[PDB]
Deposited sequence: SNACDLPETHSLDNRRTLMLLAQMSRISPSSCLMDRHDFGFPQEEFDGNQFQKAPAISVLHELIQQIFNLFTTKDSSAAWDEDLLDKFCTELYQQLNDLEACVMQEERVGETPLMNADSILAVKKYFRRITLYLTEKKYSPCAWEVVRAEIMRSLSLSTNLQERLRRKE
């Protein structure tokens, strides 16, 4: 719900300059419409997905140990907090899952390259900031 902290850690995880990755960025079709009120089940799914995304072996390969840990533990509390309040539209939750496969597909295509990873890091930042 409050992605400030996450956004900061993300901006700091950068290793390459996007200004060197001029032929890598991709529009992933973020389903922005599902966040304009925004159902919590789907906030949850967003954070949930981001968490699956960055706790892989490939992730741990790409990012700094310290930063990534702070980042992941934040997602970890966000999740727990979110999860309380989800006591109680599978259409939205689905669009979020799809979007995130478009992302891993991407990463696979690009052989998990540093430039590809920057694209993605930033892509998450965008989605985070657009989810509030």
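No C-alpha positions are given for the deposited-sequence stretches 1-11, 48-53, 106-115, 160-169.
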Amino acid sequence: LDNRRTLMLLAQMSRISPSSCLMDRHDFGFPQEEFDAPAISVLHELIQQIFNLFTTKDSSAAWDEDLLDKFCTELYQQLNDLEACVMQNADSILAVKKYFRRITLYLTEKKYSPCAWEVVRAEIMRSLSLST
From here on, numbers count along this sequence of modelled residues.
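Averaged over CA atoms, B-factors in the entry run higher in 37-45 than in the other of 37-45 and 23-31. Stretch comparison (67-75 versus 51-59) by mean CA B-factor in the PDB entry places 67-75 on top. In the PDB entry, a CA B factor belonging to the highest third of its chain's modelled residues is recorded for residue 12.
For residue 130, the recorded CA temperature factor ranks within the lowest third of the chain's modelled residues.
Among the modelled residues of its chain, residue 86 has a C-alpha B-factor that falls in the highest third, as given in the PDB entry. Ranked against the other modelled residues of its chain, the C-alpha B-factor of residue 98 as given in the entry falls in the middle third.
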